[PDB]
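Take a look at the structure tokens below, where one protein chain is shown in two forms, each on its own, as structure 1 and structure 2.
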Structure 1
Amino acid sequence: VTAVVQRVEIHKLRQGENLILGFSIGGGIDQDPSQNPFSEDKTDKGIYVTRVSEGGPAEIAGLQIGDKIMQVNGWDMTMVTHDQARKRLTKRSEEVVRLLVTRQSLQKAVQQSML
């Protein structure tokens, strides 16, 4: 890709025997892009963060509502169904979810790098 991507490592919350993300997603190749307020258009099938739990591990790690998730623990998230995205995010054996995300505001980090 050409866009600026940020690595966001989130240690999942724990509740009993469950691990909780502390954030929610929308999108997927099998979903109607219009159900997702963050899809750029009818052709945008990406996975986007739709909610971020206040004070949770996602918020602390730098995750923002509207962020586009490009990768989850090494797995590409650019062209997957919503269910496939959900699975990569909720692996019980993975206490940490390492996301590669992007947002409009990160693009200037490149300007600043140059001066």
Structure 2
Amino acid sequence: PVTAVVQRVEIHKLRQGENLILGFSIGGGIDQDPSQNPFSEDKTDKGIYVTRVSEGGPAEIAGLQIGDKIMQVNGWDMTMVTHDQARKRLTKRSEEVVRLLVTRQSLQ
């Protein structure tokens, strides 16, 4: 049985003109083959995983870690979305602060 430990990470986007940046990369999504996930516990997990964190970027200072699984973003579930949907949820230009619920640990 799986019990995920979730914690929060608040990222403050960087606005370089018309260029909004979070400073991290995401992989996964229900439309992608999960057997290829390089972090996942269960190779059938189609969740959204953080694959990279940019040095000196907002995500780094916020505490996001490579390998973290994104469960939610500003209230929106991220457990069963397509890669594109995941991206759209994390790229709302009108939002400056993106609040995340992530898991980098299981219980036991």
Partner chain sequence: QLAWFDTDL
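All residue numbers here follow the sequence of structure 1, with the first residue given the number 1. Only the largest set of C-alpha atoms that superpose within 1.5 Å between the two forms is called the rigid core.
Undergrad: Any idea which of the pair is the form solved without its partner chain?
TA: The chain shown as structure 1 is the form solved without its partner chain.
Undergrad: Compare C-alpha positions between the two structures after fitting on the rigid core and state which of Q64, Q71, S39, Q84 moves by at least 2 angstroms.
TA: Spelled out, the residue whose C-alpha shifts by 2 Å or more is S39.
Undergrad: Could the core-superposed CA displacement of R51 between the two structures be given in angstrom, to one decimal?
TA: Displacement of the alpha carbon, after core fit: 0.7 Å.
Undergrad: By how many angstrom does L21 shift at its CA between the two structures when the core is held fixed?
TA: Superposing on the rigid core gives a C-alpha shift of 1.1 Å for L21.
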